[PDB]
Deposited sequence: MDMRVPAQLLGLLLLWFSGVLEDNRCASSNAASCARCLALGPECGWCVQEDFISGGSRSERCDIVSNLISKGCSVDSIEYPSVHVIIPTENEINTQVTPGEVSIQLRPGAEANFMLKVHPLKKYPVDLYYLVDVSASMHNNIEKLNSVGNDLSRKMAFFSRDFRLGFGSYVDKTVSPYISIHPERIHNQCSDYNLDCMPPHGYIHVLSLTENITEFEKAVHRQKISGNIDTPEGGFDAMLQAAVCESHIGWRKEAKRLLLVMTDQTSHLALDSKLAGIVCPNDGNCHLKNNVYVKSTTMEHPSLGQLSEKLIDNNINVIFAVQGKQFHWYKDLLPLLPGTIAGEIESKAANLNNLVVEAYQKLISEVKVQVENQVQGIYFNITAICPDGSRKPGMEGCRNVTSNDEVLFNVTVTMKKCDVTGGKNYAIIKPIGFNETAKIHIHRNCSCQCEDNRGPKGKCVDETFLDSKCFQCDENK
């Protein structure tokens, strides 16, 4: 049934105190359909990155034409929460934060879904030009909320179950954390559901920023691969965040800020070459131990799995389920799942 993962389902019965291992074969394929999303910050600190993003549209298609065979592209923007002290609530500055500079800039917004994933690219070049720049007061810019909203709301974005989901988030500075909203007064957590009324996050002033762990769990559940394209000194900061976020890598952008297509190519190649698997087990009494086998011959069990792997290279995952409902074990970023059913007795 399943394509990438060889066993569709394995049903094993085991008495407590005795172990019962099985075989979990993984065979990555070639020419993965790609659904790439652009979560770009339109804050005032990126008056040049917005114009740098202009030319990616037609050019990246040529590069992707010989990795994948079908490409679908979308767009998105985010600034920050529409509250104080993040933004200025002055009557003259509530709608335009560039009044003191006498500049025409977009009003700040939590998250706006400008354009969904479409085969048409001409829609992308039309969409990049009609969106202006925005800004606010405080240095950090809330991006994790935009990631959560672009991941959970699958219907609005238009993700495909048969394609490799890709959410490429670009920032230069640090993002707002979960409990930073206590200054504004919002003191209860994000639920994590869909709250996009009409391509706009209306629930940006009544709920806090999502937790890092909750965001990672939602990304894993939605099979979303994230590329952290950054240009500032915070490249190191986002690089140290990679162990915290499973199936996520970060790349560097130069000051001249034109290696976006190459960065995307390298990120896609790295994501395809990494195979990591984690088990989301809810059954009580069972213990999960995973022993990964690499094509290179180096036995490297654990969450890291095997790197530098391509097609026609079968990666083995020896799992020994023991005892002291079903549990789903699946690779990160793979559209298929390996659900195991156990006999409770």
| query | Where are the gaps relative to the deposited sequence? | reply | 1-92, 417-424, 446-477
